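Contents: one structure, followed by commentary.
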Amino acid sequence: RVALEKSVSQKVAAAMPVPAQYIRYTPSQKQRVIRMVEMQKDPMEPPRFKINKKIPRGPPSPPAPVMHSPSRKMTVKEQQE
Amino acid sequence: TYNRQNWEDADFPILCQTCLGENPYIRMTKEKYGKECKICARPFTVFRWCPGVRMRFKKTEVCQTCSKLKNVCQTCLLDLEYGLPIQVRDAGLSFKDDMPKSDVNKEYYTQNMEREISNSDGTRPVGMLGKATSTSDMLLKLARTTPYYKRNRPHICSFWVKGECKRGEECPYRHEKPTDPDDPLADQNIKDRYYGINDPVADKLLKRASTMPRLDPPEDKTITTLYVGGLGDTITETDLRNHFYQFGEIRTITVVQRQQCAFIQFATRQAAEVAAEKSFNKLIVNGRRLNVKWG
Amino acid sequence: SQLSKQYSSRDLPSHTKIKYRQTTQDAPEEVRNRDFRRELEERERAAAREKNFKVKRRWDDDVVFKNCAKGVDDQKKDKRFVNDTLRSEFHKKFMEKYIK
Amino acid sequence: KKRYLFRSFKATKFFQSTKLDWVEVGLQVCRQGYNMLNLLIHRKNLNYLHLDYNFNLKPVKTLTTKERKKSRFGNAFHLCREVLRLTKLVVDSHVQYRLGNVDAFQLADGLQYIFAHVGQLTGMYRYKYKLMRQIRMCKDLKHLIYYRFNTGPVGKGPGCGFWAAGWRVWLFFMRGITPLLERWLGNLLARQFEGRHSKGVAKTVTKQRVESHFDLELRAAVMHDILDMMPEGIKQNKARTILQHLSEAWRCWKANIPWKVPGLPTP
RNA sequence: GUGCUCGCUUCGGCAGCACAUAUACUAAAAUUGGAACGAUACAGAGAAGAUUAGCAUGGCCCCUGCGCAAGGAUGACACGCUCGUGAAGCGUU
RNA sequence: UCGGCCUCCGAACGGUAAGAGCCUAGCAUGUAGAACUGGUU
Ligand SMILES: O=P(O)(O)O[C@H]1[C@@H](OP(=O)(O)O)[C@@H](OP(=O)(O)O)[C@@H](OP(=O)(O)O)[C@@H](OP(=O)(O)O)[C@H]1OP(=O)(O)O
Ligand SMILES: [Mg+2]
Ligand SMILES: [Mg+2]
Ligand SMILES: [Mg+2]
Ligand SMILES: [Mg+2]
Ligand SMILES: [Mg+2]
Ligand SMILES: [Mg+2]
Ligand SMILES: [Zn+2]
Ligand SMILES: [Zn+2]
Ligand SMILES: [Zn+2]
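Right, dumping it as structure tokens:
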């Protein structure tokens with residue numbers, strides 16, 4: 148219920164019609196301090212990119228092994244039946 | 009009808025040491041879906057910052073999926089481990105990976121690799137890093153060690169080129185003469201630099217690396233006895249024996265301080281060739297650097 | 024897809040509060056302790072209980194046919210249900226009504 | 468929740484505040500609206516159309532059928548164009564007062580005439596017909612005001628300008644029509660920039676799409692009932708032949724023809 | 001820059017203290033690649049005679065439309081799958 | 001010396017095909033990048 152309410156609130160806030175952080179960077183090649200600041204979104208401003216780019220559907224999950232009972236081969240009388 | 013490329017929204021950009029600058033305290037700006045990727049054309053989280061005092065306000069160009077795919081910087085488009093173009097690293101390791109060029113196939117391949125990465129641990133440059141275990145062939149010879157800050161230099165003032173920059177010293181752009189437009193080094197397609205196809209910087213560094221015989225040796229007429237200079241009395245026969253013990257069995261290991269030469273010979277031709285290639289201006293033992301040649 | 028900015032007119036917020044069942048509206052805490060079996064038998068028993182000179186002739190004597198409307202009695206024949214849409218009683222009444 | 472819009476605008480860095488004479492503000496609003504309707508027209512590459520100044524849309528030359536099909540505009544653009552035309556009329560009346568061409572009594576009479584004859588000076592009603600109700604109310608108000616005005620020695624002249632009631636009516640209309648036009652122009656801008664989704668949201672089954680859709684659903688049901696009726700083996704499913712047999716059986720039912728395939732399996 | 005000094009001490013200034021501490025998609029540009037679909041030309045309107053109403057169905061095909069509406073030539077586009085020859089495996093001789 | 005009751009009201013699609021590509025408009029970007037020569041049988 149908590150996870151689904153988070154998902155519902157995220158979906159509604161995405162569909163709703165309309173602080174600076176400090177992080178430590180280790181470059182692994193000493194450490195740095197980075198002030199994460201989000202730029203202000205202009206409310207007077209249209210969407211930027213075309214999103215109607217249709218591509219064909221991707222590959223699915225790898226297929227499950229198929230359990231079956233051993234196959235009953237139909238007779239020829241069954242074949243004209 | 010319900011397949012499209014997902015928008016890559018993530019923090020913590022993957023940058024080089026050189027483009028990040030030198031100050032430990034960096035003030036950083038983030039747009040959620042600011043610009044598009046310069047390769048895969050998807051929208052992505054755009055990071056912008058000033059690397060230093062008189063720099064250019066460098067910003068990220070390609071998306072995080074492409075940069076995690078090719079293990080490169082998001083701005084410099086150079087390799088994170090070595091600071092080299094990806095054409096040079098592909099010539100060093102493997103050039104059979106490739107990528108599609110048509111936009112629908114590129115978007116489909118990028119969506120498949122993005123789904124593969126998101127189904128993976130999250131930060132791994134696929135199995136290509138598994139092909140990148142073998143290293144230090146020749147790429148470490150021409151790799152930079154110092155941070156080359158001159159590519160964070162600001163752009164050339166086009167008004168000053170026509171001699172009309174009225175700002176003068178207030179103008180943050182460079183008031184100096186540009187490079188030669190007739191030079192073929194000045195073309196530099198971004199997609200060519202990403203795909204590793206006919207990049208002139210990569211061709212110039214490959215021609216520079218091909219003219220340095222750091223692994224050639226073989227200057228003797230089927231004789232395994234090679235002389236390593238620069239050793240002297242600082243490096244003795246014990247360091248030469250410890251270097252030749254990795255190759256197997258050594259026929260003769262000696263050091264002479266009169267000519268400052270270490271004579272190394274092996275019973276096997278391949279072991280002697282490996283010992284000559286390892287000691288050709290790349291071996292340092294007991295504080296003494298050795299250069300392998302005929303003796 | 025939640026990246027678009029196109030809002031449908033029927034995607035506006037409406038009926039934002041969920042109505043729940045009250046105490047007399049069969050809330051599950053009073054459903055869980057009830058026995059539906061016995062109550063179903065007195066409801067079925069209540070339904071079964073509530074289920075139950183010159184002389185002349187007569188003036189109409191000089192006709193040809195008599196008592197022709199003798200076995201004419203519908204009664205329960207209108208209560209028959211047939212699952213054939215051309216032989217149903219409703220379709221027969223429809224065809225005799227709407228076609229002259 | 469309150470959610471003040473203008474405080475949210477003033478909290479950002481893209482908005483500033485000042486003090487201004489109202490006539491300059493109305494001229495700025497009219498100039499901004501005309502400039503951006505031209506920007507929308509040039510964004511859609513309709514260079515053969517032309518906006519007036521008084522917001523009259525006209526073609527420059529004769530149109531081909533592709534230009535006629537592409538240059539058609541919906542109710543949102545035309546409704547915003549008519550609303551900007553009405554504000555252009557009011558602001559221009561105040562401008563001609565401020566230049567001294569007309570008198571203040573003439574300005575009040577012009578405002579009364581505008582708010583009583585929105586339906587005669589604008590083509591407002593054609594794109595949203597419910598405003599006829601508002602138009603009717605304005606007409607009724609005019610009658611009320613006139614038959615309290617022309618009472619004593621005053622006659623049937625045009626000198627009565629008492630514009631408060633019609634001004635009230637059109638501002639209450641503007642209160643109601645603000646979120647609908649905001650949603651419509653937001654959808655128009657999102658289709659202009661994001662592009663049109665081709666399939667996207669599934670189409671509903673309307674009246675003109677009932678019968679064929681039912682047949683489609685019927686076909687799908689029969690297909691499912693083929694695929695689990697056929698036993699193990701049998702590569703030739705021949706489901707198209709079974710669907711042809713179903714179509715022929717229905718066509719024989721419609722014509723009261725006895726339908727009997729001589730050899731056909733019983734299920 | 002402003003204000004003040006158990007100042008140096010001239011009456012100008014120095015020195016100290018206090019306040020004030022990080023703008024910019026940094027361009028007035030050079031570049032770079034994509035194009036309305038109008039002119040000409042190619043071009044040529046579904047359903048086995050003709051003139052034709054249409055609703056769908058599929059998706060790397062879109063346009064007009066605020067559209068879970070309706071249009072765009074029905075918006076366009078979207079047909080050919082019962083015997084022998086060999087091979088392998090199985091059982092009999 | 002005896003009554004008042006007064007709806008409406010207009011616009012779009014629906015007809016003046018569709019495709020095509022050659023030079024052409026308009027519009028997007030204000031970009032990432034320039035690494036170069038040395039050792040003894
Ligand atoms: O429609 P307009 O040309 O503007 O005329 C209206 C009004 O018309 P509506 O009743 O249809 O709304 C009356 O004019 P008529 O219908 O009687 O012809 C009215 O006239 P009265 O009150 O005298 O009956 C009055 O005209 P006026 O100024 O002479 O009083 C008024 O005209 P304006 O709105 O132009 O003032
Ligand atoms: Mg025909
Ligand atoms: Mg129709
Ligand atoms: Mg249609
Ligand atoms: Mg039609
Ligand atoms: Mg037709
Ligand atoms: Mg169709
Ligand atoms: Zn970098
Ligand atoms: Zn990318
Ligand atoms: Zn300059």
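Chains as they are written, first to last, in the deposited numbering: chain Y, 148 to 165, 173 to 183, 193 to 244; chain U, 9 to 303; chain Q, 24 to 75, 182 to 229; chain a, 468 to 734. Heads up, the beta-carbon is just placed ideally off N, CA and C, and yes, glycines get one too.
Task: Within 9 Å, strictly: CB atoms of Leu504(a) and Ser538(a) - done: Not in contact: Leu504(a) and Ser538(a) (Cβ atoms no closer than 9 Å).
Task: Status (buried if at least 16 other CB within 10 Å, exposed otherwise) for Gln29(Q) - done: So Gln29(Q) ends up on the buried side.
- [ ] For the beta strand (DSSP E) holding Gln273(U), just list the boundary residues, first then last.
- [x] Element bounds for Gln273(U): 269 to 274.
Open item on the list: With a threshold of 8 Å (Cβ to nearest heavy atom), would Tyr520(a) be considered close to ligand 1?
Closed with: Checking every heavy atom of ligand 1 against the Cβ of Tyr520(a), none is found closer than 8 Å.
TODO: Quick one: list the residues of chain a neighbouring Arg235(Y), beta-carbon separation under 7 Å, in chain order.
DONE: Per Cβ cutoff of 7 Å: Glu699.
TODO: Can you say whether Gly500(a) is buried or exposed, counting buried as having 16 or more other CB atoms within 10 angstroms of its CB?
DONE: Residue environment: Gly500(a) is assigned as buried (16 or more neighbouring CB atoms within 10 Å of its CB, all protein chains considered).
TODO: Anything in chain Y within Cβ reach of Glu44(U), meaning under 7 Å, just list it in chain order.
DONE: At a C-beta separation below 7 Å, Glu44(U) has these neighbours in chain Y: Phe212.
- [ ] For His251(U), count neighbouring Cβ atoms within 10 angstroms of its own Cβ and tell me buried if that reaches 16, exposed if not.
- [x] The residue is buried, with at least 16 neighbouring Cβ atoms inside 10 Å.
Open item on the list: Let me confirm a value: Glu549(a) is counted as buried when at least 16 other C-beta atoms fall within 10 Å, else exposed. Which label applies?
Closed with: Taking all protein chains in view, the Cβ of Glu549(a) is crowded by 16 or more other Cβ atoms within 10 Å, so the residue is classified as buried.
TODO: For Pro219(Y), decide whether its Cβ has a neighbour in chain Q, counting only Cβ atoms nearer than 9 Å.
DONE: Interface annotation, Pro219(Y): not in contact with chain Q, CB-CB separation never under 9 Å.
Task: Per DSSP, cross-strand counterpart(s) of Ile197(Y) - done: DSSP output for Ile197(Y) lists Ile177(Y), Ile34(U) as bridge partner(s).
Open item on the list: Is it buried or exposed, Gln579(a), if we count other Cβ atoms within 10 angstroms and call 16 or more buried?
Closed with: With 16 or more other Cβ atoms inside 10 Å of its own Cβ, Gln579(a) counts as buried.
Open item on the list: For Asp247(U), count the other beta carbons within 10 Å of its own beta carbon; 16 or more makes it buried, fewer makes it exposed. Which is it?
Closed with: By the neighbour-count rule (16 or more Cβ atoms within 10 Å), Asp247(U) is buried.
TODO: Return the CA-CA distance between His163(U) and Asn120(U), expressed in angstroms with no decimal places.
DONE: Their backbone Cα atoms lie some 38 Å apart in a straight line.
Open item on the list: In whole angstroms, give me the CA-to-CA distance for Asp145(U) and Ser224(Y).
Closed with: Each residue's alpha carbon lies about 39 Å from the other.
Open item on the list: Using only Cβ atoms and a threshold of 6 Å, which residues come within that distance of a heavy atom of ligand 9? Order them by chain position.
Closed with: Selection around ligand 9 by beta-carbon proximity, strictly under 6 Å to any non-hydrogen atom, yields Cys45(U), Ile47(U), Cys48(U), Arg50(U), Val70(U), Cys71(U), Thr73(U), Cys74(U) in chain order.
Open item on the list: Restricting to Cα atoms, I'd like to know which of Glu699(a), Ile724(a), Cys719(a) is closest to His231(Y).
Closed with: Of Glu699(a), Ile724(a), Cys719(a), the residue nearest in Cα terms is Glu699(a).
Open item on the list: Quick check: is any heavy atom of ligand 1 less than 8 Å from the C-beta of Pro620(a)?
Closed with: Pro620(a) Cβ: outside cutoff for every heavy atom of ligand 1.
Open item on the list: Helix, strand or coil for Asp188(U)? Go by DSSP, reduced to three states.
Closed with: Correct three-state label for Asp188(U): coil.
- [ ] Can you tell me which of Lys215(U), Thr260(U), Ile47(U), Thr262(U) puts its alpha carbon nearest to the alpha carbon of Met107(U)?
- [x] For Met107(U), the nearest C-alpha among the options comes from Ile47(U).
Open item on the list: Check whether chain Y comes within 9 Å of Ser27(Q), counting only Cβ atoms and requiring the distance to be less than that.
Closed with: Using beta-carbon distances, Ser27(Q) counts as an interface residue toward chain Y, with a partner under 9 Å.
Task: Minimum Cβ-Cβ distance from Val112(U) to chain Y less than 9 Å - done: Yes, contact with chain Y.
TODO: Please compile the residues from chain Q whose C-beta is within a distance smaller than 9 Å of the C-beta of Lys153(Y).
DONE: Within 9 Å Cβ-Cβ: nothing; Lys153(Y) doesn't reach chain Q, min ~14 Å.
Task: Own chain, CB closer than 8 Å to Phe572(a), minus 5 neighbours either side, in chain order - done: Correct list, in chain order: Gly626, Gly628.
Task: Anticipated Cβ contact below 8 Å, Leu234(U) with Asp228(U), distance rounded - done: Right, their Cβ atoms sit about 7 Å apart.
Task: Sub-9 Å separation of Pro59(U) and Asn160(U) beta-carbons - done: Contact: yes.
Task: Residues proximal to ligand 10 by C-beta, any heavy atom closer than 5 Å - done: Counting every residue whose Cβ lies closer than 5 Å to a heavy atom of ligand 10, we get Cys165(U), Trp168(U), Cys173(U), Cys179(U), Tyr181(U).
Task: C-alpha distance - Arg663(a) paired with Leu656(a), whole-angstrom precision - done: When rounded, the separation of the alpha-carbon atoms in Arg663(a) and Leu656(a) is 11 Å.
Open item on the list: Suppose only complete runs of 4+ residues qualify. What are the alpha helix (DSSP H) ranges in the stretch 686 to 734 of chain a, listed by chain order?
Closed with: Within the stretch 686 to 734 of chain a, the complete alpha helix (DSSP H) segments at least 4 residues long are 706 to 721, listed from N- to C-terminus.
Open item on the list: Determine whether the beta carbon atoms of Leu556(a) and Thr589(a) lie at a separation below 9 Å.
Closed with: In contact: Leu556(a) and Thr589(a) (Cβ atoms closer than 9 Å).
Open item on the list: Starting from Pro51(U), trace the beta strand (DSSP E) in both directions and tell me its first and last residue.
Closed with: Taken as a continuous stretch (DSSP letters only), the beta strand (DSSP E) holding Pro51(U) covers 51 to 57.
Task: Cα-Cα separation, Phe52(U) to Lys40(U) - done: Distance between the alpha carbons of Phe52(U) and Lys40(U) is about 7 Å.
Open item on the list: Considering just the uninterrupted stretch of the beta strand (DSSP E) at residue 800(a), what are its terminal residues?
Closed with: Here chain a has residues from 468 to 734 only, and residue 800(a) is not among them.
Task: At least three beta-carbon pairs within less than 8 Å, the stretch 169 to 186 of chain U to the stretch 87 to 95 of chain U - done: Contact between the stretch 169 to 186 of chain U and the stretch 87 to 95 of chain U is absent, because fewer than three Cβ pairs lie under 8 Å.
Task: Touching by the beta-carbon criterion (3+ pairs, under 8 Å), the stretch 209 to 229 of chain U and the stretch 261 to 277 of chain U - done: In the pairwise beta carbon analysis, the stretch 209 to 229 of chain U is classified as not touching the stretch 261 to 277 of chain U: fewer than three pairs are separated by under 8 Å.
Task: Stretch pair the stretch 197 to 215 of chain U + the stretch 91 to 110 of chain U: three plus CB contacts closer than 8 Å - done: The stretch 197 to 215 of chain U makes contact with the stretch 91 to 110 of chain U; the number of CB pairs closer than 8 Å reaches 3 or more.
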